[PDB]
Amino acid sequence: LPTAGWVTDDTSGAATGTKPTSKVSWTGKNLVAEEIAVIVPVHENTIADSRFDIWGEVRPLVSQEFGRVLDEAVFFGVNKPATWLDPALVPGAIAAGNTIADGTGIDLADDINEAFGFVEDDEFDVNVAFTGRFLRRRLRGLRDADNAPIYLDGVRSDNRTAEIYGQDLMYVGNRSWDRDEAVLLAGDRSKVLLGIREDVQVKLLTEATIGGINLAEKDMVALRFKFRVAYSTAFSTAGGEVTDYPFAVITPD
Amino acid sequence: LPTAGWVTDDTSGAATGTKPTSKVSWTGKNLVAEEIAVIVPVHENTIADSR
Amino acid sequence: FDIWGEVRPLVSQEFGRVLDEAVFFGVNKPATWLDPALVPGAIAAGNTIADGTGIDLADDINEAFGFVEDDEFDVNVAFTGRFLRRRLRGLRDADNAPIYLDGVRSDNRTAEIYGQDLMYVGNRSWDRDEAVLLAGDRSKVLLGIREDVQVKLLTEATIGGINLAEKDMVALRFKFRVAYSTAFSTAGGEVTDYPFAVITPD
Amino acid sequence: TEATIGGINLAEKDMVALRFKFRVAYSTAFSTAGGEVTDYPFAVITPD
Amino acid sequence: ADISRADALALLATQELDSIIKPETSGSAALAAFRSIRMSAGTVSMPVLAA
């Protein structure tokens with residue numbers, strides 16, 4: 001950001017009479033596409049003798065697996081491509097210090113309030129939150145010191161666990177969510193950018209050599225699946241601290 | 001469930017350019033029929049005489 | 001991109017930041033503005049309480065509004081940074097039930113305390129090491145505008161030893177003339193009576 | 001047209017190959033009902 | 001042997017975002033909250049009741 005100053009108007013000799021110079025500056029960063037792939041080989045006699053269309057069963061499972069591999073590179077850092085220079089959201093929030101351990105507050109809703117607090121204190125707005133389905137039990141269980149519920153409208157007719165502090169929760173179903181790294185991640189969705197370079201392509205392989213083995217010579221076939229995608233954090237910390245971050249995490253107890 | 005991975009695209013000699021393999025698998029189990037039964041005997045005069 | 005179209009909005013923000021940190025916190029306050037800035041003025045007046053003195057922050061805010069009321073002024077305005085939102089959501093009774101929100105599930109409305117609207121200072125001019133909250137009477141502060149923001153394109157001047165025309169450079173010069181004073185009477189009161197109060201950090 | 005067969009890259013060598021395949025089953029089909037278990041429907045002359 | 005990505009590099013396309021990533025701007029709390037007057041003189045003098 002530019003910097004201004006107070007100036008005097010008494011005499012031409014005074015150094016405080018000189019208007020200060022200031023610059024503005026910018027930097028580049030790159031959103032770089034990287035590829036998720038898998039090959040699923042099978043024997044032609046397995047395809048011939050099955051009463052199901054095997055590829056009809058394999059295609060949805062690989063589509064889910066691509067979603068899981070992408071998620072555990074974006075949220076957690078597990079097999080993140082080295083060309084994606086930004087940290088993953090969870091280790092990035094931890095390195096930024098936007099972190100609190102589960103069970104340091106009075107109750108889970110206290111720890112969620114502190115997590116939302118770190119984002120707000122970094123000048124970002126909370127508008128997304130992520131967790132595993134295990135949190136629904138924790139939220140339904142929130143009670144006062146007399147054992148009356150403070151989250152539900154009493155125990156009989158209510159179980160709605162869609163939100164906390166008016167913020168909707170995304171429950172992650174993919175096996176992507178590592179509860180040993182994070183209980184919950186909260187932040188500003190506007191500050192992350194994905195790129196889609198190429199949608200899912202599938203090819204039937206019948207002659208290729210895969211690993212050690214030639215498919216035609218083995219009487220095998222395979223499906224090759226591939227998808228090209230990019231991730232970056234898209235936020236400026238101009239005028240802030242270099243460690244201001246648009247996300248925060250609750251880490252396990 | 002299948003396992004996917006990340007691949008590079010710079011060079012034909014790089015091991016990180018090779019797409020991984022994986023498998024799906026299945027198991028079978030049985031649903032087996034079993035029988036509940038009873039016989040209820042009575043005299044035909046009891047059927048005739050009851051209101 | 002248009003360079004001046006990016007530079008102009010950032011300079012008018014910076015002018016607002018320089019004025020705020022002079023008026024509220026005193027950081028580079030001109031020596032000719034003889035009134036203290038609002039925060040150090042409230043601390044010097046003794047209209048101050050440390051955060052965590054009372055039961056909770058809503059107890060401390062009740063005492064802060066009380067210093068203004070006992071000085072015969074009216075709370076009309078309150079200022080704070082974005083960090084107060086989690087403090088207000090975090091107000092529980094001793095059974096851990098919420099006293100600020102309508103329960104923890106569906107509510108996050110944090111605009112207001114004791115029916116007084118909060119001004120969240122997002123200009124990055126707020127200093128949370130100096131104040132948690134400042135409250136008081138807005139009517140008892142007076143600004144003067146002497147001259148609105150003037151901007152001139154320079155193409156021939158020498159700036160900081162840079163000869164602009166000889167170097168094929170240009171510059172924008174921005175200038176603004178402003179005055180600040182506290183405009184209140186303490187007749188019948190004590191000489192230390194003051195139209196603002198602060199909560200200092202814990 | 002493209003496969004590697006027996007150390008032979010077909011597309012590189014400008015070759016082709018025809019892969020022939022046949023799936024067949026063989027199991028005896030005789031019932032020893034009424035006779036002995038050892039009853040077999042074949043006899044074989046062995047060489048001298 | 002083959003056309004690598006380094007051999008093709010000069011032919012590769014490029015792309016740019018349409019806009020600059022920056023924080024939201026805001027004005028002074030001072031000029032928002034407090035009343036102001038036009039000064040014509042560079043100093044204004046103000047009478048105050050004192051007792």
# chains A, B, ... in the order shown; residues from 1 in each chain; ligands from 1
>>> interface_residues(of="chain D", to="chain A", cutoff="9 Å", atoms="only C-alpha atoms", output="PDB file with C-alpha atoms, in the first residue's frame")
ATOM      1  CA  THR D   1      -1.142 -53.556 -34.575  1.00  0.00           C
ATOM      2  CA  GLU D   2       0.588 -51.754 -31.653  1.00  0.00           C
ATOM      3  CA  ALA D   3       1.243 -54.513 -29.070  1.00  0.00           C
ATOM      4  CA  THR D   4       4.557 -55.836 -27.741  1.00  0.00           C
ATOM      5  CA  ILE D   5       4.490 -59.605 -28.383  1.00  0.00           C
ATOM      6  CA  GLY D   6       7.471 -61.794 -27.396  1.00  0.00           C
ATOM      7  CA  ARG D  19      -4.285 -63.440 -31.819  1.00  0.00           C
TER       8      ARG D  19
END
>>> closest_atom_pairs(of="chain B", to="chain E", cutoff="12 Å", atoms="only C-alpha atoms", output="tab-separated table")
residue	atom	partner	partner_atom	distance
B:8	CA	E:5	CA	10.7
B:9	CA	E:5	CA	7.3
B:10	CA	E:5	CA	5.2
B:11	CA	E:4	CA	5.5
B:12	CA	E:4	CA	7.3
B:13	CA	E:4	CA	10.1
B:14	CA	E:4	CA	11.3
>>> residues_around(residues="residue 126 (chain C)", least_positions_apart="6", cutoff="8 Å", atoms="only C-alpha atoms", output="PDB file with C-alpha atoms, in the first residue's frame")
ATOM      1  CA  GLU C  21      -4.785   7.026  13.689  1.00  0.00           C
ATOM      2  CA  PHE C  25      -4.885   6.913  18.811  1.00  0.00           C
ATOM      3  CA  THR C  80     -13.901  -1.379  17.716  1.00  0.00           C
ATOM      4  CA  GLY C  81     -11.880  -3.761  15.493  1.00  0.00           C
TER       5      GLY C  81
END
>>> residues_around(residues="residue 51 (chain E)", least_positions_apart="5", cutoff="12 Å", atoms="only C-alpha atoms", output="list in words")
residues 185, 186, 187, 188, 189, 190 and 191 of chain C
>>> residues_around(residues="region 127-132 of chain C", least_positions_apart="2", cutoff="6 Å", atoms="only C-alpha atoms", output="list in words")
residues 199, 200 and 201 of chain C
>>> write_last_selection(atoms="N, CA, C and O atoms", output="short mmCIF file (atom, residue, chain, number, x, y, z; two decimals), in the first residue's frame")
data_model
loop_
_atom_site.label_atom_id
_atom_site.label_comp_id
_atom_site.auth_asym_id
_atom_site.auth_seq_id
_atom_site.Cartn_x
_atom_site.Cartn_y
_atom_site.Cartn_z
N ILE C 199 -12.28 0.66 26.82
CA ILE C 199 -11.84 -0.61 27.37
C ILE C 199 -10.43 -0.86 26.84
O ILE C 199 -10.24 -0.95 25.63
N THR C 200 -9.43 -0.92 27.71
CA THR C 200 -8.07 -1.33 27.35
C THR C 200 -7.94 -2.85 27.39
O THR C 200 -8.73 -3.50 28.07
N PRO C 201 -7.00 -3.47 26.66
CA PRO C 201 -6.84 -4.92 26.66
C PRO C 201 -6.41 -5.48 28.02
O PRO C 201 -5.88 -4.79 28.88
#
>>> closest_atom_pairs(of="chain C", to="chain E", cutoff="7 Å", atoms="only C-alpha atoms", output="tab-separated table")
residue	atom	partner	partner_atom	distance
C:13	CA	E:27	CA	5.6
C:16	CA	E:28	CA	4.2
C:17	CA	E:28	CA	6.0
C:19	CA	E:28	CA	6.9
C:20	CA	E:28	CA	5.7
C:23	CA	E:30	CA	7.0
C:121	CA	E:29	CA	6.2
C:122	CA	E:26	CA	6.6
C:123	CA	E:26	CA	5.4
C:138	CA	E:34	CA	5.7
C:139	CA	E:34	CA	6.9
C:141	CA	E:34	CA	6.0
C:142	CA	E:35	CA	5.8
C:143	CA	E:36	CA	4.5
C:144	CA	E:37	CA	4.9
C:145	CA	E:38	CA	5.1
C:146	CA	E:39	CA	4.7
C:185	CA	E:49	CA	6.0
C:186	CA	E:50	CA	6.5
C:187	CA	E:51	CA	4.6
C:188	CA	E:51	CA	6.1
>>> write_last_selection(atoms="C-alpha atoms", output="compact mmCIF listing (two decimals), in the first residue's frame")
# COMPACT_ATOMS: atom_id res chain seq x y z
CA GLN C 13 -7.83 4.97 1.79
CA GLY C 16 -8.41 8.08 5.83
CA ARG C 17 -5.98 5.79 7.75
CA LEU C 19 -6.47 10.84 9.79
CA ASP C 20 -8.00 7.99 11.90
CA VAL C 23 -7.86 11.31 15.77
CA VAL C 121 -12.96 0.04 11.95
CA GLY C 122 -11.84 -1.96 8.86
CA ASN C 123 -9.46 0.83 7.64
CA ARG C 138 -20.21 11.76 18.66
CA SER C 139 -21.64 15.31 18.98
CA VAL C 141 -16.10 15.89 18.36
CA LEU C 142 -15.69 18.49 15.62
CA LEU C 143 -13.78 18.14 12.38
CA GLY C 144 -12.98 21.03 10.05
CA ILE C 145 -12.55 20.55 6.30
CA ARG C 146 -10.27 23.37 5.14
CA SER C 185 -18.04 22.06 28.08
CA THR C 186 -17.48 20.82 31.64
CA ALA C 187 -19.29 23.71 33.40
CA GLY C 188 -20.67 22.45 36.76
>>> atom_distance(atom1="CA of residue 111 (chain C)", atom2="CA of residue 192 (chain A)")
27.4 Å
>>> interface_residues(of="chain C", to="chain A", cutoff="6 Å", atoms="only C-alpha atoms", output="list in words")
residues 82, 83, 86, 95, 96, 97, 104, 105, 106, 107 and 108 of chain C
>>> write_last_selection(atoms="N, CA, C and O atoms", output="mmCIF file, in the first residue's frame")
data_model
loop_
_atom_site.group_PDB
_atom_site.id
_atom_site.type_symbol
_atom_site.label_atom_id
_atom_site.label_comp_id
_atom_site.auth_asym_id
_atom_site.auth_seq_id
_atom_site.Cartn_x
_atom_site.Cartn_y
_atom_site.Cartn_z
ATOM 1 N N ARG C 82 -12.465 -5.751 14.217
ATOM 2 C CA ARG C 82 -13.189 -6.984 13.846
ATOM 3 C C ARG C 82 -13.105 -8.113 14.874
ATOM 4 O O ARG C 82 -14.010 -8.934 14.945
ATOM 5 N N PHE C 83 -12.067 -8.132 15.701
ATOM 6 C CA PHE C 83 -11.853 -9.108 16.766
ATOM 7 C C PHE C 83 -12.964 -9.135 17.828
ATOM 8 O O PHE C 83 -13.112 -10.142 18.511
ATOM 9 N N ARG C 86 -16.080 -12.268 17.766
ATOM 10 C CA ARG C 86 -15.950 -13.516 18.526
ATOM 11 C C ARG C 86 -16.113 -13.337 20.026
ATOM 12 O O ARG C 86 -16.624 -14.238 20.673
ATOM 13 N N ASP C 95 -23.906 -21.103 33.460
ATOM 14 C CA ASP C 95 -24.287 -22.448 32.989
ATOM 15 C C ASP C 95 -23.795 -22.734 31.566
ATOM 16 O O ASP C 95 -24.115 -23.758 30.975
ATOM 17 N N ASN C 96 -23.000 -21.835 30.998
ATOM 18 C CA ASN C 96 -22.515 -21.859 29.630
ATOM 19 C C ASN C 96 -23.602 -21.645 28.568
ATOM 20 O O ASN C 96 -23.336 -21.861 27.393
ATOM 21 N N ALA C 97 -24.801 -21.178 28.903
ATOM 22 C CA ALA C 97 -25.793 -20.798 27.903
ATOM 23 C C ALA C 97 -25.532 -19.375 27.355
ATOM 24 O O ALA C 97 -25.080 -18.514 28.097
ATOM 25 N N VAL C 104 -26.505 -20.829 19.784
ATOM 26 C CA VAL C 104 -25.294 -20.984 18.955
ATOM 27 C C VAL C 104 -25.534 -21.554 17.556
ATOM 28 O O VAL C 104 -24.637 -21.483 16.732
ATOM 29 N N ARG C 105 -26.691 -22.145 17.240
ATOM 30 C CA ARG C 105 -26.916 -22.792 15.932
ATOM 31 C C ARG C 105 -27.063 -21.789 14.795
ATOM 32 O O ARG C 105 -26.259 -21.794 13.876
ATOM 33 N N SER C 106 -28.072 -20.934 14.837
ATOM 34 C CA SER C 106 -28.511 -20.162 13.664
ATOM 35 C C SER C 106 -28.164 -18.675 13.678
ATOM 36 O O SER C 106 -28.374 -17.997 12.685
ATOM 37 N N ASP C 107 -27.639 -18.145 14.773
ATOM 38 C CA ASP C 107 -27.416 -16.710 14.972
ATOM 39 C C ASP C 107 -25.927 -16.336 14.922
ATOM 40 O O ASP C 107 -25.086 -16.999 15.517
ATOM 41 N N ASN C 108 -25.599 -15.249 14.238
ATOM 42 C CA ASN C 108 -24.296 -14.589 14.303
ATOM 43 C C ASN C 108 -24.377 -13.059 14.280
ATOM 44 O O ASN C 108 -23.351 -12.401 14.107
#
>>> select_by_dssp(residues="region 50-252 of chain A", states="strand (DSSP E)", output="ChimeraX atom specification")
/A:99-101,128-131,163-164,167-171,184-187,192-205,209-210,213-214,220-233,247-251
>>> select_by_dssp(residues="region 3-198 of chain C", states="alpha helix (DSSP H)", output="ChimeraX atom specification")
/C:3-23,38-45,57-70,84-89
>>> atom_distance(atom1="CA of residue 155 (chain C)", atom2="CA of residue 168 (chain C)")
8.2 Å
>>> closest_atom_pairs(of="chain B", to="chain A", cutoff="12 Å", atoms="only C-alpha atoms", output="CSV")
residue,atom,partner,partner_atom,distance
B:1,CA,A:61,CA,6.7
B:2,CA,A:62,CA,6.3
B:3,CA,A:65,CA,6.5
B:4,CA,A:38,CA,4.9
B:5,CA,A:36,CA,5.6
B:6,CA,A:36,CA,4.6
B:7,CA,A:35,CA,5.5
B:8,CA,A:35,CA,7.0
B:9,CA,A:35,CA,8.5
B:10,CA,A:34,CA,11.3
B:15,CA,A:211,CA,11.1
B:16,CA,A:81,CA,10.8
B:17,CA,A:35,CA,9.8
B:18,CA,A:211,CA,8.7
B:19,CA,A:38,CA,5.8
B:20,CA,A:38,CA,5.2
B:21,CA,A:39,CA,4.6
B:22,CA,A:40,CA,5.5
B:23,CA,A:40,CA,6.0
B:24,CA,A:58,CA,7.2
B:25,CA,A:58,CA,9.8
B:26,CA,A:57,CA,10.7
>>> atom_distance(atom1="CA of residue 54 (chain C)", atom2="CA of residue 38 (chain C)")
23.1 Å
>>> decode(residues="region 194-232 of chain A", atoms="C-alpha atoms", output="PDB file, in the first residue's frame")
ATOM      1  CA  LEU A 194      -9.455 -23.849  -8.780  1.00  0.00           C
ATOM      2  CA  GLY A 195      -8.675 -24.241 -12.478  1.00  0.00           C
ATOM      3  CA  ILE A 196     -10.195 -26.912 -14.724  1.00  0.00           C
ATOM      4  CA  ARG A 197      -7.779 -27.521 -17.593  1.00  0.00           C
ATOM      5  CA  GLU A 198      -9.371 -30.714 -18.943  1.00  0.00           C
ATOM      6  CA  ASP A 199     -12.445 -32.656 -17.737  1.00  0.00           C
ATOM      7  CA  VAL A 200     -12.306 -36.453 -17.097  1.00  0.00           C
ATOM      8  CA  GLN A 201     -11.165 -38.419 -20.159  1.00  0.00           C
ATOM      9  CA  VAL A 202     -11.444 -42.229 -20.339  1.00  0.00           C
ATOM     10  CA  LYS A 203      -9.739 -44.541 -22.897  1.00  0.00           C
ATOM     11  CA  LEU A 204     -10.141 -48.311 -23.371  1.00  0.00           C
ATOM     12  CA  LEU A 205      -6.631 -49.815 -23.699  1.00  0.00           C
ATOM     13  CA  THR A 206      -6.319 -53.214 -25.449  1.00  0.00           C
ATOM     14  CA  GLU A 207      -2.752 -53.368 -26.938  1.00  0.00           C
ATOM     15  CA  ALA A 208      -0.655 -51.243 -24.502  1.00  0.00           C
ATOM     16  CA  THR A 209       2.125 -52.339 -22.120  1.00  0.00           C
ATOM     17  CA  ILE A 210       1.202 -51.387 -18.545  1.00  0.00           C
ATOM     18  CA  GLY A 211       3.736 -51.813 -15.726  1.00  0.00           C
ATOM     19  CA  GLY A 212       5.549 -55.078 -16.564  1.00  0.00           C
ATOM     20  CA  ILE A 213       2.883 -56.610 -18.870  1.00  0.00           C
ATOM     21  CA  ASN A 214       1.450 -56.324 -22.399  1.00  0.00           C
ATOM     22  CA  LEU A 215      -2.374 -56.281 -22.361  1.00  0.00           C
ATOM     23  CA  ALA A 216      -2.955 -58.013 -25.744  1.00  0.00           C
ATOM     24  CA  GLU A 217      -0.427 -60.795 -24.983  1.00  0.00           C
ATOM     25  CA  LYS A 218      -2.071 -61.342 -21.532  1.00  0.00           C
ATOM     26  CA  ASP A 219      -5.630 -61.278 -22.986  1.00  0.00           C
ATOM     27  CA  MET A 220      -6.340 -58.252 -20.750  1.00  0.00           C
ATOM     28  CA  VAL A 221      -7.895 -54.831 -21.264  1.00  0.00           C
ATOM     29  CA  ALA A 222      -7.779 -51.669 -19.142  1.00  0.00           C
ATOM     30  CA  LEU A 223      -9.485 -48.309 -18.693  1.00  0.00           C
ATOM     31  CA  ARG A 224      -7.179 -45.261 -18.498  1.00  0.00           C
ATOM     32  CA  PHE A 225      -8.694 -42.324 -16.589  1.00  0.00           C
ATOM     33  CA  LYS A 226      -7.186 -38.778 -16.559  1.00  0.00           C
ATOM     34  CA  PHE A 227      -8.182 -35.282 -15.335  1.00  0.00           C
ATOM     35  CA  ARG A 228      -6.267 -31.913 -15.355  1.00  0.00           C
ATOM     36  CA  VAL A 229      -6.831 -29.438 -12.533  1.00  0.00           C
ATOM     37  CA  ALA A 230      -5.111 -26.521 -10.718  1.00  0.00           C
ATOM     38  CA  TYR A 231      -5.227 -24.965  -7.212  1.00  0.00           C
ATOM     39  CA  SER A 232      -4.083 -21.660  -5.724  1.00  0.00           C
TER      40      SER A 232
END
